[PDB]
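What follows is one chain in structure tokens, specifically the form deposited in one PDB entry.
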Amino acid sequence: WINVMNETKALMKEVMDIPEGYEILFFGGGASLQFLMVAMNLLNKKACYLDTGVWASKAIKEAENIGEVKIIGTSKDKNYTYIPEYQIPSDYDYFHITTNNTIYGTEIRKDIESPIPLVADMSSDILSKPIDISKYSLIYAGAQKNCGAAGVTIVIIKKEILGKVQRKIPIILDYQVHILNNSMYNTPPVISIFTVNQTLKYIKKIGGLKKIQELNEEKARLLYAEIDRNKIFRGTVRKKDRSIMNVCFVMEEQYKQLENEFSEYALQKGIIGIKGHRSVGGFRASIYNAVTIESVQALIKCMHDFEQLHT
């Protein structure tokens, strides 16, 4: 509905500092529909992508169906534990990144510079920190972060980038049409958003994106310090690439045998939901926006006590 959407737009502008020249769109269809719409709308001759995990590789695959794609770095060689070095080529139509790779615990934390239009999938991390929206040509966030509603996918788009593709774009997939019709052309459930309004209202209430990041940074910093001091565990991700939202860790070499015992020790101390993805093993602490500082400290104490128990 026009009023919930329109209020959500003004909350987004305010909370995220979105300046003129950007349109906000709400879609059904999850991130996967954006994987398609991004390429349909922006890939005229060729695009480039950075492959930093599962969702990056899915966005890549979808774009490959539309046209020429150059993957200018992949960290797949070491199971996605770092963000590759890359040089953005100046002759491509756009550069697509995925800024947080949830199950691998890596993140691109800064707003990078780019010689060509920058597209970012911020599905996991969109309202976790301030963004300099001016550096981006298109930011999107959906489908499935994490395990919730049919849901809405947000698109923030610098309208001037559109119009360059020669291919005929079906109307339902053309960003211009959705912009022209105020994001009312093929709406998602009003309930599917109605939440975002609330969520933005909460972020504003608690003190804003800067506050939220400063809190996540503090939590991540306390946990990685423990993982770094603690002889039983090892962080899997290269330091400079460490996510502050998803903190991946595994047993040190000598102690791979204690992996099940720690899961149980932590269970008995009331700590669950830390099992790493199948493809990483070990563990993964999800530091949601306001998971508290205190429960990270409880995981830290549990890790420390476990260490002392086995030395």
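Rigid core here is just the name for the largest C-alpha set that superposes within 1.5 Å across the two forms. Note that residue numbering follows the sequence shown and begins at 1.
One more form of this protein exists, namely the form deposited in another entry; it is left out here, but the text below deals with it.
In the core-aligned comparison between the shown form and the other one, the C-alpha of 299 is the only one from 299, 18, 25, 11 that shifts by 2 Å or more. After superposing the rigid core, the C-alpha of residue 148 moves by 2 Å or more between the shown form and the other one. Annotation for residue 230: C-alpha shift of 2 angstroms or more between the shown form and the other one, rigid core superposed. After superposition on the rigid core, the Cα of residue 50 moves by less than 2 Å between the shown form and the other one.
The distance between the CA atoms of residue 197 and residue 149 is at least 3 Å shorter in the other form than in the form shown here. CA of residue 30 to CA of residue 290: closer by 3 Å or more in the other form than in the shown form.
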